[PDB]
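Beneath this line is the structure, given in structure tokens, with notes to follow.
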Amino acid sequence: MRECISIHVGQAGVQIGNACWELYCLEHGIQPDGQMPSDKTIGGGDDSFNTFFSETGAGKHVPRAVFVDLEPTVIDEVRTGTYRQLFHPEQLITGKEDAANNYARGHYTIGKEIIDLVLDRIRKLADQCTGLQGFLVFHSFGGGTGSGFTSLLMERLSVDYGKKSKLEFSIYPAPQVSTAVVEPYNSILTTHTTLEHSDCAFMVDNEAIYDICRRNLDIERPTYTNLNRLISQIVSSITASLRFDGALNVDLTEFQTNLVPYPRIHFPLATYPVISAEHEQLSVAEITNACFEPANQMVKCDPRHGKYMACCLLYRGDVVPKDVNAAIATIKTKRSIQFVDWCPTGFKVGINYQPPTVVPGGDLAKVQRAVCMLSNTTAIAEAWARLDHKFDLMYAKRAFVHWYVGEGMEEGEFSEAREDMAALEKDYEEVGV
Amino acid sequence: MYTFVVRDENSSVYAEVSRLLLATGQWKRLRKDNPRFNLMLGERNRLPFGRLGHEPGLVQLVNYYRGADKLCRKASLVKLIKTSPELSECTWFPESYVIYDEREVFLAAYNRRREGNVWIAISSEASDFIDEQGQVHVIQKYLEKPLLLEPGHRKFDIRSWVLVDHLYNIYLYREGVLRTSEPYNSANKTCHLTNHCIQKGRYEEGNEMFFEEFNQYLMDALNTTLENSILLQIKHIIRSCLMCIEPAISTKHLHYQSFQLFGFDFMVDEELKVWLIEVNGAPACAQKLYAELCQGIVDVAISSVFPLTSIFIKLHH
Amino acid sequence: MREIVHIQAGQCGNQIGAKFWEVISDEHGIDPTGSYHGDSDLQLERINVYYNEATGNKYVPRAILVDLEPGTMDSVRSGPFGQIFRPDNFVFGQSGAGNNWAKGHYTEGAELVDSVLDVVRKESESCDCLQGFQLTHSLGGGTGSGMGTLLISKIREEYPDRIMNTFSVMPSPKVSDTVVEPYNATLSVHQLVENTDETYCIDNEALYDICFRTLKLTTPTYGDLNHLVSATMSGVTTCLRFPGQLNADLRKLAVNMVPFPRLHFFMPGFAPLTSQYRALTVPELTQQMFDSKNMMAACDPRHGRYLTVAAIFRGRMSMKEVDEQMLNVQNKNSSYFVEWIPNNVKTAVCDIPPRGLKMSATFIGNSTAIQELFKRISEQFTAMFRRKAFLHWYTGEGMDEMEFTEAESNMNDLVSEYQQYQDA
Amino acid sequence: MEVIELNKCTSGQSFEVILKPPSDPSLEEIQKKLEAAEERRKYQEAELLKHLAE
Ligand SMILES: COc1cc([C@@H]2c3cc4c(cc3[C@@H](Sc3ncccn3)[C@H]3COC(=O)[C@H]23)OCO4)cc(OC)c1OC
Ligand SMILES: Nc1nc2c(ncn2[C@@H]2O[C@H](COP(=O)(O)OP(=O)(O)OP(=O)(O)O)[C@@H](O)[C@H]2O)c(=O)[nH]1
Ligand SMILES: Nc1ncnc2c1ncn2[C@@H]1O[C@H](COP(=O)(O)OP(=O)(O)CP(=O)(O)O)[C@@H](O)[C@H]1O
Ligand SMILES: Nc1nc2c(ncn2[C@@H]2O[C@H](COP(=O)(O)OP(=O)(O)O)[C@@H](O)[C@H]2O)c(=O)[nH]1
Ligand SMILES: [Mg+2]
Ligand SMILES: [Mg+2]
């Protein structure tokens, strides 16, 4: 029912998706073969898990997903990987040439050649859907495919599936964890072109993930895998509501309703315990407070120096309303959670009791309860500022711009986009101070 | 070798601090707007805090705490003291009202004081000079009974320099300064302002009294000490103001780190009672003191993060 | 994209190209007969990039050997790994080019070029996705210099959307064969400015110096230089031949190294400079690598500013140490890195080291100091041109002084542009 | 203080705790933009090939 189609564009997305879906399968009890011993409704079921997984007569539960990259590798791994049997050929769509970390190449040159194919495959999935809520799009901000094709797909999806909602899980560029030199450009460009085609986007800064992976998990040089596993967990937290019984965020629409004040101000900051298995169990209070530790955020910002406009708490495990409420009070007194004058200062809380799963052999410890906080702080605008500034440094000398003009783009797009980002930063500065 | 950048060319203090950092042979000034720095001595206005703490493998320290403005802008300080539970509605801050608003209250008070009442923005009839002027302002109780330095019947203000390092240790420089006023007149009007600026040298060189002479004066004219009669209350007021906003400016678990040098301004009345007048975020220094203080800024605030009898009193852990 | 097509043109070109095929054939476990005989899978995962698979396991270098004289190419057929090359892919004339740019570019090379392009088509058409081409040549002789640049143009006409990449050996009086070398160089620099996406500038001067005043070889041979060269070529082609984090292509490199279209002239560096039982420390490799005494150009980077940099670290070491040392080189000498291209030094690590070495570091720089190389040549050129010396050798091949004049101007301009950005 | 909208279920709880009350383009258009970039790429190719032919 109310199905959610998930599209993974680019290495980041594809690789992250792999992780996410694996976790999902472990969480829902689906085996690599596609079999879910638990499903007693063979060949069907309007159950909650069916919002992400369809079903075959043979009892295979298939991810309602599409993995798309303009280069064979990566997706190929999926095609030949532990969970390969779960997915279906047409769902995995590969190209021949990457976008050389250029939005232009991906959005225009290489994109136009594959857009319709992808869109078709999505329809196939949409047709097997009785009530499509919308789409969940996973992508990078710095990649060419991840920025360009994503932007295009968005536009088109907004045309071929208008009334449907689109949520995003984007990877913000961080100098470490690898990064092209033009990711800043690619990032601003894709944001400009996607701003009005997305209803809620969850940005994840690799810097933050890295740090956590290094600090809380003692990994000297975190690997994409290390990072993606953590990210997946967070995604699960955000996606659980739609895959399990509950009453908070059970529809893609809800997310916006509860987190997005005005259409453009649609980037919630996310905060998630991250412990190594080596045993002090944490408390609702403790974990909830961490939700207010800036070191536990997916995007590094100082919310305190900024105002709140919405906040949802999503717990997973042994957690009871009382404990939560209690914690809130305490925190309220201690920490500084200033809101905008036009918002209620409450905290929307949800609890799935289904406890968190770990990937076996992973670095995360299995835990008894966890929380993912989702807030709307004007503070997230800091991450735009950084990007904007880097973009400016390069654009003033027109550095690398030729690589884009040579693919069809016009210097103007850059400026238009930048200005759009300038507009965005202001909007924030307004709602904030 | 550590790298730093300079972005307030007017800061006398940090001009000196940069000079000694260079003079240590282990620090190297980069051009402003180079990101890859260890330490920033940033601008007083619109400092880009949102950009510190993201250089990979670079520990970054800045000389200003983000948020302290709430204590260093006049109206902001009044709002802060009034609406903070840690600061009651207190006994060391002169009765204050903010107006552009808290107009009524002001009047109400005036009345209660006009039944047998001088204020400052200095007059005695509620008249305003604010509307025939510029920005937001605050009407504050004028201290009509100041303790006067009697071999001159003079006004003064005390200035204390307080350093907050990255661990939020609060240090008070052992050397404060007294800015001393033409005698006083409870009828009329330059003396009333102890501002050196306004002042411009009879009794004190540059109308400035250091702590040794103030201590001898209180000992010899009043049978107390600077510490007992005044410095216990200065340390109380500092600790209150600074521990108050700590949850909102602390860089304890932040991706970058902050320190900052403040200048507190106090007045003493004739009952030997210290009152907070204003917290200044970008203070100067007494010239004789510039040498010592700046070195301490390098000693306890910079080289504590970037390693290479004490001139400070520890008010905080 | 995947497959690269490799071209060797001229004496120097075929010498350094033959060494390169020996070196990376060893790295990839390919014996002189084309049979794989190595341990790791890493050796074959991206072998498609440089080798075409044929018959019983046999792997054949996708290489085209080109010369106007039959000597060096016979030498190659004869020597080590001599018969790993497809025999069809030897394309050679008999005339020679007489260290004459005009001859390789306009008269003798023009005869041979179509048969070369024939072999080029045959290899390109047998590719799933051709990235582009890699050419080895000197700029000082005649075949490599003039015919190579002519090929660059021809190939660009036929594959305008692919990547042109060259290892181009710059001439130096220290190591000279003919006086006309400045002319030849200035002519092909002209072509290269326009028709390649990335040229690694291998300066014979530096190879000499590093052979003499570091390897302490008082009398260096062209083999001594060419071992530095083949080491560099393995180094800078690593991430294109081996799996890993930053699976590299020729285009992404270009995209990530070339801020402005013309400024595509890179400075390679390598550590440890060989000619080694004790492996060095990451700190060592790093500092050696960034020192001038390890640059293969001649320019001192402390004289200009890094626009872009890519480092490759080969062997078993700590990535934590690699990141620390890399940021230490930058943060310490942050003066020599432009501030208008943020995060412009990228680093990759591959576990497989070069032969003989357990740990190694190669480095690729778009530095403004390359202007020095170009300036040197400009001078030498001018000297002679000012008195129109030795121009008859070229005029008698149909050329005009105007061509030269243009070329000079262009190189002068290049220098200027580079300088422009050194002051930014 | 105020706890409202408590939905209880065998797998979850959900609720709202308040603390203080308040105080598109077209396939065409796109296709166009795409085709404009395509033709712009073509012009430059043309210029090149012409130059190359000269
Ligand atoms: C085989 O040659 C090499 C080529 C490169 C270039 C390159 C050059 C740059 C740069 C970055 C990059 C990155 S792009 C990227 N995109 C998304 C995520 C992370 N990274 C490489 C990826 O694939 C490439 O080809 C790129 O910053 C300034 O100069 C790098 C190498 O090692 C560092 C090489 O080995 C020595
Ligand atoms: N967290 C995380 N980040 C990734 C991963 N893969 C790539 N990145 C980041 O993604 C950005 C580059 O985008 P990619 O997704 O790799 O590139 P792409 O979309 O395939 O684009 P092209 O290869 O240019 O066609 C960089 O900033 C990397 O930090 C991943 O698996 N996990
Ligand atoms: N409530 C009050 N009662 C008496 N005198 C007062 C007063 N408020 C201010 N003053 C006087 O005003 C003078 C100027 O100090 P004030 O804090 O008002 O402005 P200012 O910002 O110039 C101080 P600084 O230069 O140290 O930052 C003080 O020296 C003091 O004598
Ligand atoms: N490093 C190196 N340089 C060479 C070699 N052979 C020639 N050179 C240089 O290349 C130039 C001569 O060109 P050459 O390759 O012999 O001529 P070609 O056959 O016409 O292209 C001079 O600058 C030589 O110093 C070589 O094997 N190695
Ligand atoms: Mg890719
Ligand atoms: Mg020769």
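Don't overthink the numbers, they just go from 1 along the chain as shown.
When the header is checked for method, it gives X-ray crystallography, 2.9 Å.
Note: Cβ is positioned from N, Cα and C throughout, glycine not excepted.
According to Swiss-Prot:
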ACT_SITE  A:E254  active site
BINDING   A:10-12, A:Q15, A:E71, A:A99, A:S140, A:143-146, A:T179, A:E183, A:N206, A:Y224, A:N228, A:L252  GTP binding site
CROSSLNK  A:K322  ubiquitin cross-link
CROSSLNK  A:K366  ubiquitin cross-link
MOD_RES   A:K40  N6,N6,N6-trimethyllysine
MOD_RES   A:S48  phosphoserine
MOD_RES   A:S232  phosphoserine
MOTIF     A:1-4  motif 'MREC motif'
Helix, strand and coil totals (DSSP H, G, I; E, B; other) for the motif 'MREC motif' (A:1-4): 0 helix, 2 strand, 2 coil
Shortest C-alpha distance to A:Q15 (GTP binding site) - which of the recorded positions A:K40, A:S48, A:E254, A:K322: A:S48
Winner by Cβ contact number (other Cβ atoms within 10 Å) across the recorded positions A:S48, A:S140, A:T145, A:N228, A:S232: A:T145
Cα-to-Cα gap, A:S140 (GTP binding site) vs A:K366 (ubiquitin cross-link), nearest whole Å: 28
C-alpha spacing of A:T145 (GTP binding site) relative to A:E254 (active site), in angstrom: 29
Three-state secondary structure, A:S140 (GTP binding site) (per DSSP): strand
C-beta crowding around A:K40 (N6,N6,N6-trimethyllysine), within 10 angstroms: 8
Lowest local Cβ density among A:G10, A:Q15, A:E183, A:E254, A:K322, which the record lists as recorded positions, within 10 Å: A:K322
Of the recorded positions listed as A:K40, A:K322, A:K366, the one whose CA lies nearest the CA of A:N228 (GTP binding site): A:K366
Nearest of the binding-site residues (A:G10, A:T145, A:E183) to A:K366 (ubiquitin cross-link), judged by Cα-Cα distance: A:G10
Filtered recorded positions, from A:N228, A:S232, A:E254, whose Cβ is under 6 Å from an atom of ligand 2: A:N228
Closest of A:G10, A:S232, A:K322 to A:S48 (phosphoserine), Cα positions, recorded positions only: A:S232
Residue pair A:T145 (GTP binding site), A:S232 (phosphoserine) - Cα distance, angstrom, rounded: 21
Rounded Cα-Cα span from A:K322 (ubiquitin cross-link) to A:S232 (phosphoserine), Å: 28
